[PDB]
Amino acid sequence: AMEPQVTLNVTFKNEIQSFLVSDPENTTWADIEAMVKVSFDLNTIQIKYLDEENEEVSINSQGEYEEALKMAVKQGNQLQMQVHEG
Ligand SMILES: [Cl-]
């Protein structure tokens with residue numbers, strides 16, 4: 001303990017931003033969604049991530065977020081995320 005830094009590489013269309021998140025166990029999904037919305041100027045979003053099955057899967061909740069981070073720890077402390085609006 002605790003989880004170390006995670007990198008969120010977030011694509012919106014042809015734009016990508018990487019967010020360094022120092023202590024992911026100390027973050028909520030709401031904080032993360034807010035950062036993404038502010039970065040890309042979006043109101044309603046849907047975020048998805050590449051899992052170990054190489055499948056794009058929705059994060060819609062704190063729970064889903066914490067499961068994504070468990071996996072990021074296995075995958076060199078980073079997540080590939082895709083944002084779509086609506
Ligand atoms: Cl939303």
# chains A, B, ... in the order shown; residues from 1 in each chain; ligands from 1
call {"tool": "residues_around", "arguments": {"residues": "residue 68 (chain A)", "least_positions_apart": "5", "cutoff": "9 Å", "atoms": "only C-alpha atoms", "output": "list in words"}}
result
residues 49, 51, 59, 63, 73 and 79 of chain A
call {"tool": "select_by_dssp", "arguments": {"residues": "chain A", "states": "alpha helix (DSSP H)", "output": "list in words"}}
result
residues 29, 30, 31, 32, 33, 34, 35, 36, 37, 38, 39, 40, 62, 63, 64, 65, 66, 67, 68, 69, 70, 71, 72, 73 and 74 of chain A
call {"tool": "write_last_selection", "arguments": {"atoms": "N, CA and C atoms", "output": "PDB file, in the first residue's frame"}}
result
ATOM      1  N   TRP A  29     -14.148   8.834  -8.930  1.00  0.00           N
ATOM      2  CA  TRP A  29     -14.548   8.889 -10.308  1.00  0.00           C
ATOM      3  C   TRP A  29     -15.121  10.235 -10.693  1.00  0.00           C
ATOM      4  N   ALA A  30     -15.879  10.847  -9.793  1.00  0.00           N
ATOM      5  CA  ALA A  30     -16.393  12.185  -9.992  1.00  0.00           C
ATOM      6  C   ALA A  30     -15.277  13.224 -10.182  1.00  0.00           C
ATOM      7  N   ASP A  31     -14.125  13.056  -9.526  1.00  0.00           N
ATOM      8  CA  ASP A  31     -13.071  14.053  -9.654  1.00  0.00           C
ATOM      9  C   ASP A  31     -12.496  13.915 -11.032  1.00  0.00           C
ATOM     10  N   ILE A  32     -12.251  12.682 -11.421  1.00  0.00           N
ATOM     11  CA  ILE A  32     -11.729  12.363 -12.736  1.00  0.00           C
ATOM     12  C   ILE A  32     -12.603  12.790 -13.926  1.00  0.00           C
ATOM     13  N   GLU A  33     -13.875  12.452 -13.897  1.00  0.00           N
ATOM     14  CA  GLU A  33     -14.807  12.938 -14.884  1.00  0.00           C
ATOM     15  C   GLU A  33     -14.841  14.436 -14.973  1.00  0.00           C
ATOM     16  N   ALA A  34     -14.748  15.126 -13.837  1.00  0.00           N
ATOM     17  CA  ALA A  34     -14.772  16.571 -13.861  1.00  0.00           C
ATOM     18  C   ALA A  34     -13.545  17.129 -14.564  1.00  0.00           C
ATOM     19  N   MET A  35     -12.383  16.536 -14.325  1.00  0.00           N
ATOM     20  CA  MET A  35     -11.129  16.960 -14.970  1.00  0.00           C
ATOM     21  C   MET A  35     -11.131  16.816 -16.497  1.00  0.00           C
ATOM     22  N   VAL A  36     -11.647  15.681 -16.941  1.00  0.00           N
ATOM     23  CA  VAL A  36     -11.854  15.401 -18.337  1.00  0.00           C
ATOM     24  C   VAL A  36     -12.839  16.383 -18.956  1.00  0.00           C
ATOM     25  N   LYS A  37     -13.923  16.732 -18.248  1.00  0.00           N
ATOM     26  CA  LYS A  37     -14.949  17.611 -18.834  1.00  0.00           C
ATOM     27  C   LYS A  37     -14.386  18.989 -19.005  1.00  0.00           C
ATOM     28  N   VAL A  38     -13.612  19.431 -18.020  1.00  0.00           N
ATOM     29  CA  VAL A  38     -12.944  20.734 -18.037  1.00  0.00           C
ATOM     30  C   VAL A  38     -11.873  20.819 -19.083  1.00  0.00           C
ATOM     31  N   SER A  39     -11.189  19.713 -19.325  1.00  0.00           N
ATOM     32  CA  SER A  39     -10.124  19.695 -20.304  1.00  0.00           C
ATOM     33  C   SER A  39     -10.626  19.783 -21.708  1.00  0.00           C
ATOM     34  N   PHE A  40     -11.681  19.029 -22.022  1.00  0.00           N
ATOM     35  CA  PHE A  40     -12.188  18.965 -23.360  1.00  0.00           C
ATOM     36  C   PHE A  40     -13.454  19.767 -23.611  1.00  0.00           C
ATOM     37  N   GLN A  62     -17.985   4.923  -9.273  1.00  0.00           N
ATOM     38  CA  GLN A  62     -16.796   4.838  -8.409  1.00  0.00           C
ATOM     39  C   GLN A  62     -16.243   3.431  -8.453  1.00  0.00           C
ATOM     40  N   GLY A  63     -17.131   2.461  -8.296  1.00  0.00           N
ATOM     41  CA  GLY A  63     -16.801   1.025  -8.358  1.00  0.00           C
ATOM     42  C   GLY A  63     -16.056   0.613  -9.618  1.00  0.00           C
ATOM     43  N   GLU A  64     -16.615   0.969 -10.770  1.00  0.00           N
ATOM     44  CA  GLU A  64     -16.023   0.640 -12.038  1.00  0.00           C
ATOM     45  C   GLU A  64     -14.654   1.272 -12.160  1.00  0.00           C
ATOM     46  N   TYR A  65     -14.532   2.511 -11.689  1.00  0.00           N
ATOM     47  CA  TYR A  65     -13.264   3.188 -11.611  1.00  0.00           C
ATOM     48  C   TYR A  65     -12.214   2.448 -10.790  1.00  0.00           C
ATOM     49  N   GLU A  66     -12.570   2.011  -9.597  1.00  0.00           N
ATOM     50  CA  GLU A  66     -11.609   1.304  -8.738  1.00  0.00           C
ATOM     51  C   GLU A  66     -11.142  -0.016  -9.327  1.00  0.00           C
ATOM     52  N   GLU A  67     -12.028  -0.705 -10.052  1.00  0.00           N
ATOM     53  CA  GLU A  67     -11.669  -1.897 -10.815  1.00  0.00           C
ATOM     54  C   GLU A  67     -10.720  -1.616 -11.987  1.00  0.00           C
ATOM     55  N   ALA A  68     -10.953  -0.523 -12.710  1.00  0.00           N
ATOM     56  CA  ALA A  68     -10.009  -0.063 -13.715  1.00  0.00           C
ATOM     57  C   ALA A  68      -8.616   0.206 -13.134  1.00  0.00           C
ATOM     58  N   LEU A  69      -8.544   0.799 -11.955  1.00  0.00           N
ATOM     59  CA  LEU A  69      -7.248   1.057 -11.350  1.00  0.00           C
ATOM     60  C   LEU A  69      -6.509  -0.199 -10.899  1.00  0.00           C
ATOM     61  N   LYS A  70      -7.229  -1.182 -10.381  1.00  0.00           N
ATOM     62  CA  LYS A  70      -6.617  -2.487 -10.049  1.00  0.00           C
ATOM     63  C   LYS A  70      -5.891  -3.085 -11.231  1.00  0.00           C
ATOM     64  N   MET A  71      -6.519  -2.951 -12.391  1.00  0.00           N
ATOM     65  CA  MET A  71      -5.954  -3.396 -13.636  1.00  0.00           C
ATOM     66  C   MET A  71      -4.778  -2.529 -14.099  1.00  0.00           C
ATOM     67  N   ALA A  72      -4.856  -1.218 -13.882  1.00  0.00           N
ATOM     68  CA  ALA A  72      -3.754  -0.326 -14.252  1.00  0.00           C
ATOM     69  C   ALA A  72      -2.478  -0.677 -13.511  1.00  0.00           C
ATOM     70  N   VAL A  73      -2.613  -1.131 -12.264  1.00  0.00           N
ATOM     71  CA  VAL A  73      -1.470  -1.528 -11.457  1.00  0.00           C
ATOM     72  C   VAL A  73      -0.774  -2.729 -12.066  1.00  0.00           C
ATOM     73  N   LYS A  74      -1.559  -3.606 -12.683  1.00  0.00           N
ATOM     74  CA  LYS A  74      -1.033  -4.769 -13.386  1.00  0.00           C
ATOM     75  C   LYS A  74      -0.375  -4.373 -14.711  1.00  0.00           C
TER      76      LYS A  74
END
call {"tool": "residues_near_ligand", "arguments": {"ligand": "ligand 1", "cutoff": "9 Å", "atoms": "only C-alpha atoms and all ligand atoms", "output": "number ranges by chain"}}
result
A: 33, 37, 42-47, 60, 85-86
call {"tool": "residues_around", "arguments": {"residues": "residue 4 (chain A)", "least_positions_apart": "6", "cutoff": "10 Å", "atoms": "only C-alpha atoms", "output": "list in words"}}
result
residues 21, 22, 23, 24, 25, 73 and 77 of chain A
call {"tool": "write_last_selection", "arguments": {"atoms": "N, CA and C atoms", "output": "PDB file, in the first residue's frame"}}
result
ATOM      1  N   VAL A  21      -1.958  11.111 -12.111  1.00  0.00           N
ATOM      2  CA  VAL A  21      -2.811  11.094 -10.924  1.00  0.00           C
ATOM      3  C   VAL A  21      -1.989  10.465  -9.802  1.00  0.00           C
ATOM      4  N   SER A  22      -1.509  11.285  -8.881  1.00  0.00           N
ATOM      5  CA  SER A  22      -0.538  10.835  -7.884  1.00  0.00           C
ATOM      6  C   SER A  22      -0.997   9.712  -6.995  1.00  0.00           C
ATOM      7  N   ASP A  23      -2.181   9.774  -6.430  1.00  0.00           N
ATOM      8  CA  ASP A  23      -2.527   8.743  -5.442  1.00  0.00           C
ATOM      9  C   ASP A  23      -3.928   8.330  -5.763  1.00  0.00           C
ATOM     10  N   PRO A  24      -4.056   7.437  -6.740  1.00  0.00           N
ATOM     11  CA  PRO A  24      -5.326   7.026  -7.257  1.00  0.00           C
ATOM     12  C   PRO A  24      -6.318   6.459  -6.235  1.00  0.00           C
ATOM     13  N   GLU A  25      -5.850   5.831  -5.161  1.00  0.00           N
ATOM     14  CA  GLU A  25      -6.728   5.298  -4.108  1.00  0.00           C
ATOM     15  C   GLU A  25      -7.355   6.431  -3.381  1.00  0.00           C
ATOM     16  N   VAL A  73      -2.613  -1.131 -12.264  1.00  0.00           N
ATOM     17  CA  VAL A  73      -1.470  -1.528 -11.457  1.00  0.00           C
ATOM     18  C   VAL A  73      -0.774  -2.729 -12.066  1.00  0.00           C
ATOM     19  N   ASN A  77       0.926   0.760 -14.491  1.00  0.00           N
ATOM     20  CA  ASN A  77       0.388   1.983 -13.887  1.00  0.00           C
ATOM     21  C   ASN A  77      -0.116   3.016 -14.900  1.00  0.00           C
TER      22      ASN A  77
END
call {"tool": "closest_residue", "arguments": {"among": "A:84, A:76, A:52, A:41", "to": "residue 6 (chain A)", "atoms": "only C-alpha atoms"}}
result
A:76
call {"tool": "select_by_dssp", "arguments": {"residues": "region 1-82 of chain A", "states": "strand (DSSP E or B)", "output": "number ranges by chain"}}
result
A: 6-12, 15-21, 45-50, 56-59, 78-82
call {"tool": "write_last_selection", "arguments": {"atoms": "N, CA, C and O atoms", "output": "mmCIF file, in the first residue's frame"}}
result
data_model
loop_
_atom_site.group_PDB
_atom_site.id
_atom_site.type_symbol
_atom_site.label_atom_id
_atom_site.label_comp_id
_atom_site.auth_asym_id
_atom_site.auth_seq_id
_atom_site.Cartn_x
_atom_site.Cartn_y
_atom_site.Cartn_z
ATOM 1 N N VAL A 6 -0.819 6.781 -11.214
ATOM 2 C CA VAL A 6 -1.386 6.245 -12.453
ATOM 3 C C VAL A 6 -1.396 7.330 -13.545
ATOM 4 O O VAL A 6 -1.636 8.507 -13.264
ATOM 5 N N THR A 7 -1.114 6.930 -14.783
ATOM 6 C CA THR A 7 -1.248 7.812 -15.955
ATOM 7 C C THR A 7 -2.525 7.454 -16.714
ATOM 8 O O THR A 7 -2.691 6.302 -17.104
ATOM 9 N N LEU A 8 -3.434 8.422 -16.862
ATOM 10 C CA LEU A 8 -4.623 8.314 -17.711
ATOM 11 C C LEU A 8 -4.420 9.016 -19.036
ATOM 12 O O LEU A 8 -4.323 10.211 -19.114
ATOM 13 N N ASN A 9 -4.352 8.241 -20.092
ATOM 14 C CA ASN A 9 -4.142 8.740 -21.420
ATOM 15 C C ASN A 9 -5.498 8.827 -22.058
ATOM 16 O O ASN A 9 -6.051 7.822 -22.368
ATOM 17 N N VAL A 10 -6.033 10.027 -22.205
ATOM 18 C CA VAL A 10 -7.403 10.208 -22.568
ATOM 19 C C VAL A 10 -7.559 10.838 -23.943
ATOM 20 O O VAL A 10 -7.174 11.977 -24.159
ATOM 21 N N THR A 11 -8.164 10.078 -24.844
ATOM 22 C CA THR A 11 -8.472 10.515 -26.200
ATOM 23 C C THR A 11 -9.889 11.038 -26.355
ATOM 24 O O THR A 11 -10.877 10.384 -25.961
ATOM 25 N N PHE A 12 -9.965 12.242 -26.915
ATOM 26 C CA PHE A 12 -11.193 12.799 -27.424
ATOM 27 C C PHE A 12 -10.972 13.208 -28.863
ATOM 28 O O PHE A 12 -10.292 14.177 -29.116
ATOM 29 N N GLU A 15 -7.498 14.376 -30.286
ATOM 30 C CA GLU A 15 -6.798 15.033 -29.229
ATOM 31 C C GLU A 15 -6.591 14.041 -28.110
ATOM 32 O O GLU A 15 -7.474 13.258 -27.811
ATOM 33 N N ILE A 16 -5.391 14.045 -27.554
ATOM 34 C CA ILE A 16 -5.040 13.213 -26.419
ATOM 35 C C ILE A 16 -4.375 14.023 -25.307
ATOM 36 O O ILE A 16 -3.536 14.877 -25.560
ATOM 37 N N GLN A 17 -4.825 13.795 -24.077
ATOM 38 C CA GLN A 17 -4.143 14.313 -22.912
ATOM 39 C C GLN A 17 -3.869 13.242 -21.910
ATOM 40 O O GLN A 17 -4.673 12.385 -21.712
ATOM 41 N N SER A 18 -2.691 13.280 -21.317
ATOM 42 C CA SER A 18 -2.312 12.326 -20.285
ATOM 43 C C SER A 18 -2.396 13.016 -18.951
ATOM 44 O O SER A 18 -1.819 14.045 -18.757
ATOM 45 N N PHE A 19 -3.113 12.430 -18.032
ATOM 46 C CA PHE A 19 -3.229 12.980 -16.707
ATOM 47 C C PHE A 19 -2.398 12.150 -15.739
ATOM 48 O O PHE A 19 -2.622 10.954 -15.596
ATOM 49 N N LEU A 20 -1.454 12.780 -15.062
ATOM 50 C CA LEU A 20 -0.744 12.099 -13.964
ATOM 51 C C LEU A 20 -1.637 12.226 -12.758
ATOM 52 O O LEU A 20 -2.091 13.313 -12.462
ATOM 53 N N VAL A 21 -1.958 11.111 -12.111
ATOM 54 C CA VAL A 21 -2.811 11.094 -10.924
ATOM 55 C C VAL A 21 -1.989 10.465 -9.802
ATOM 56 O O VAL A 21 -1.795 9.258 -9.784
ATOM 57 N N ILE A 45 -20.606 13.130 -20.801
ATOM 58 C CA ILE A 45 -19.626 12.252 -21.400
ATOM 59 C C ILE A 45 -19.859 10.788 -21.076
ATOM 60 O O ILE A 45 -20.632 10.442 -20.179
ATOM 61 N N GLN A 46 -19.170 9.944 -21.832
ATOM 62 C CA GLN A 46 -19.065 8.531 -21.551
ATOM 63 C C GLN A 46 -17.605 8.194 -21.763
ATOM 64 O O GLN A 46 -17.060 8.514 -22.821
ATOM 65 N N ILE A 47 -16.967 7.602 -20.756
ATOM 66 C CA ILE A 47 -15.558 7.219 -20.832
ATOM 67 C C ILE A 47 -15.463 5.714 -20.850
ATOM 68 O O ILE A 47 -16.245 5.033 -20.174
ATOM 69 N N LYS A 48 -14.544 5.202 -21.667
ATOM 70 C CA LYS A 48 -14.313 3.772 -21.820
ATOM 71 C C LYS A 48 -12.814 3.492 -21.706
ATOM 72 O O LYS A 48 -12.003 4.375 -21.911
ATOM 73 N N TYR A 49 -12.450 2.260 -21.364
ATOM 74 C CA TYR A 49 -11.038 1.913 -21.230
ATOM 75 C C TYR A 49 -10.733 0.514 -21.737
ATOM 76 O O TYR A 49 -11.586 -0.374 -21.726
ATOM 77 N N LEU A 50 -9.495 0.349 -22.190
ATOM 78 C CA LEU A 50 -9.006 -0.899 -22.688
ATOM 79 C C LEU A 50 -8.664 -1.812 -21.526
ATOM 80 O O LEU A 50 -7.789 -1.482 -20.730
ATOM 81 N N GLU A 56 -13.021 -2.443 -25.027
ATOM 82 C CA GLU A 56 -13.375 -1.120 -24.489
ATOM 83 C C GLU A 56 -14.589 -1.214 -23.553
ATOM 84 O O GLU A 56 -15.676 -1.630 -23.967
ATOM 85 N N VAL A 57 -14.413 -0.815 -22.299
ATOM 86 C CA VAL A 57 -15.467 -1.019 -21.313
ATOM 87 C C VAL A 57 -15.790 0.254 -20.559
ATOM 88 O O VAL A 57 -14.904 1.032 -20.217
ATOM 89 N N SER A 58 -17.076 0.464 -20.303
ATOM 90 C CA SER A 58 -17.529 1.693 -19.653
ATOM 91 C C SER A 58 -17.111 1.810 -18.199
ATOM 92 O O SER A 58 -17.120 0.826 -17.463
ATOM 93 N N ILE A 59 -16.718 3.029 -17.816
ATOM 94 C CA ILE A 59 -16.650 3.442 -16.426
ATOM 95 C C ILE A 59 -17.762 4.453 -16.234
ATOM 96 O O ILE A 59 -17.761 5.510 -16.866
ATOM 97 N N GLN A 78 -0.845 2.550 -15.905
ATOM 98 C CA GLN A 78 -1.475 3.445 -16.845
ATOM 99 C C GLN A 78 -2.726 2.821 -17.433
ATOM 100 O O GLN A 78 -2.893 1.602 -17.411
ATOM 101 N N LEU A 79 -3.612 3.711 -17.908
ATOM 102 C CA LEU A 79 -4.897 3.369 -18.510
ATOM 103 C C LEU A 79 -5.028 4.138 -19.802
ATOM 104 O O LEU A 79 -4.639 5.289 -19.874
ATOM 105 N N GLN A 80 -5.548 3.470 -20.825
ATOM 106 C CA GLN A 80 -5.916 4.101 -22.091
ATOM 107 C C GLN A 80 -7.430 4.257 -22.064
ATOM 108 O O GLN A 80 -8.160 3.281 -21.900
ATOM 109 N N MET A 81 -7.878 5.501 -22.174
ATOM 110 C CA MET A 81 -9.264 5.867 -22.038
ATOM 111 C C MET A 81 -9.712 6.637 -23.262
ATOM 112 O O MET A 81 -8.950 7.363 -23.851
ATOM 113 N N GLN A 82 -10.968 6.456 -23.627
ATOM 114 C CA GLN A 82 -11.581 7.121 -24.750
ATOM 115 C C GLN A 82 -12.838 7.850 -24.277
ATOM 116 O O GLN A 82 -13.638 7.270 -23.559
#
call {"tool": "decode", "arguments": {"residues": "region 47-76 of chain A", "atoms": "N, CA, C and O atoms", "output": "short mmCIF file (atom, residue, chain, number, x, y, z; two decimals), in the first residue's frame"}}
result
data_model
loop_
_atom_site.label_atom_id
_atom_site.label_comp_id
_atom_site.auth_asym_id
_atom_site.auth_seq_id
_atom_site.Cartn_x
_atom_site.Cartn_y
_atom_site.Cartn_z
N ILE A 47 -16.97 7.60 -20.76
CA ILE A 47 -15.56 7.22 -20.83
C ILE A 47 -15.46 5.71 -20.85
O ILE A 47 -16.25 5.03 -20.17
N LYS A 48 -14.54 5.20 -21.67
CA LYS A 48 -14.31 3.77 -21.82
C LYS A 48 -12.81 3.49 -21.71
O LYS A 48 -12.00 4.37 -21.91
N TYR A 49 -12.45 2.26 -21.36
CA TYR A 49 -11.04 1.91 -21.23
C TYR A 49 -10.73 0.51 -21.74
O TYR A 49 -11.59 -0.37 -21.73
N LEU A 50 -9.49 0.35 -22.19
CA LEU A 50 -9.01 -0.90 -22.69
C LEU A 50 -8.66 -1.81 -21.53
O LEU A 50 -7.79 -1.48 -20.73
N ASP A 51 -9.35 -2.96 -21.43
CA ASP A 51 -9.12 -3.92 -20.34
C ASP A 51 -8.16 -5.04 -20.76
O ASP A 51 -7.61 -5.00 -21.85
N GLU A 52 -7.93 -6.02 -19.87
CA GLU A 52 -6.99 -7.11 -20.15
C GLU A 52 -7.47 -8.00 -21.30
O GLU A 52 -6.66 -8.65 -21.96
N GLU A 53 -8.78 -8.02 -21.54
CA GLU A 53 -9.37 -8.67 -22.72
C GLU A 53 -9.31 -7.79 -23.98
O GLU A 53 -9.89 -8.14 -25.01
N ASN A 54 -8.62 -6.65 -23.89
CA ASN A 54 -8.45 -5.72 -25.00
C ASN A 54 -9.79 -5.26 -25.56
O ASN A 54 -9.95 -5.06 -26.76
N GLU A 55 -10.74 -5.09 -24.64
CA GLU A 55 -12.12 -4.71 -24.94
C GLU A 55 -12.32 -3.33 -24.32
O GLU A 55 -11.81 -3.07 -23.23
N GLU A 56 -13.02 -2.44 -25.03
CA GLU A 56 -13.38 -1.12 -24.49
C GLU A 56 -14.59 -1.21 -23.55
O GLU A 56 -15.68 -1.63 -23.97
N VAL A 57 -14.41 -0.81 -22.30
CA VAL A 57 -15.47 -1.02 -21.31
C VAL A 57 -15.79 0.25 -20.56
O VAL A 57 -14.90 1.03 -20.22
N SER A 58 -17.08 0.46 -20.30
CA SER A 58 -17.53 1.69 -19.65
C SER A 58 -17.11 1.81 -18.20
O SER A 58 -17.12 0.83 -17.46
N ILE A 59 -16.72 3.03 -17.82
CA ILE A 59 -16.65 3.44 -16.43
C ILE A 59 -17.76 4.45 -16.23
O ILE A 59 -17.76 5.51 -16.87
N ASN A 60 -18.70 4.11 -15.36
CA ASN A 60 -19.88 4.91 -15.06
C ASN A 60 -20.06 5.15 -13.54
O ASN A 60 -21.03 5.76 -13.12
N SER A 61 -19.12 4.68 -12.72
CA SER A 61 -19.30 4.67 -11.27
C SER A 61 -17.97 4.61 -10.57
O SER A 61 -16.97 4.25 -11.20
N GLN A 62 -17.99 4.92 -9.27
CA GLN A 62 -16.80 4.84 -8.41
C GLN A 62 -16.24 3.43 -8.45
O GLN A 62 -15.07 3.24 -8.65
N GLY A 63 -17.13 2.46 -8.30
CA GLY A 63 -16.80 1.02 -8.36
C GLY A 63 -16.06 0.61 -9.62
O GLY A 63 -15.00 -0.01 -9.55
N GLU A 64 -16.61 0.97 -10.77
CA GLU A 64 -16.02 0.64 -12.04
C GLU A 64 -14.65 1.27 -12.16
O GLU A 64 -13.73 0.63 -12.63
N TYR A 65 -14.53 2.51 -11.69
CA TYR A 65 -13.26 3.19 -11.61
C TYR A 65 -12.21 2.45 -10.79
O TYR A 65 -11.08 2.28 -11.24
N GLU A 66 -12.57 2.01 -9.60
CA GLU A 66 -11.61 1.30 -8.74
C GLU A 66 -11.14 -0.02 -9.33
O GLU A 66 -10.00 -0.39 -9.13
N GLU A 67 -12.03 -0.70 -10.05
CA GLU A 67 -11.67 -1.90 -10.82
C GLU A 67 -10.72 -1.62 -11.99
O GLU A 67 -9.79 -2.40 -12.23
N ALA A 68 -10.95 -0.52 -12.71
CA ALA A 68 -10.01 -0.06 -13.72
C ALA A 68 -8.62 0.21 -13.13
O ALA A 68 -7.61 -0.10 -13.76
N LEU A 69 -8.54 0.80 -11.96
CA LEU A 69 -7.25 1.06 -11.35
C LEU A 69 -6.51 -0.20 -10.90
O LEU A 69 -5.30 -0.26 -11.00
N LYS A 70 -7.23 -1.18 -10.38
CA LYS A 70 -6.62 -2.49 -10.05
C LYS A 70 -5.89 -3.08 -11.23
O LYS A 70 -4.81 -3.67 -11.10
N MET A 71 -6.52 -2.95 -12.39
CA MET A 71 -5.95 -3.40 -13.64
C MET A 71 -4.78 -2.53 -14.10
O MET A 71 -3.82 -3.04 -14.65
N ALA A 72 -4.86 -1.22 -13.88
CA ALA A 72 -3.75 -0.33 -14.25
C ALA A 72 -2.48 -0.68 -13.51
O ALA A 72 -1.40 -0.53 -14.05
N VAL A 73 -2.61 -1.13 -12.26
CA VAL A 73 -1.47 -1.53 -11.46
C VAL A 73 -0.77 -2.73 -12.07
O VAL A 73 0.44 -2.85 -11.98
N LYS A 74 -1.56 -3.61 -12.68
CA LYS A 74 -1.03 -4.77 -13.39
C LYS A 74 -0.37 -4.37 -14.71
O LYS A 74 0.51 -5.07 -15.20
N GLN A 75 -0.80 -3.25 -15.29
CA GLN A 75 -0.36 -2.85 -16.62
C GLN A 75 0.55 -1.63 -16.62
O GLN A 75 0.37 -0.72 -17.41
N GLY A 76 1.54 -1.64 -15.75
CA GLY A 76 2.53 -0.57 -15.72
C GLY A 76 1.93 0.77 -15.36
O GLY A 76 2.36 1.79 -15.86
#
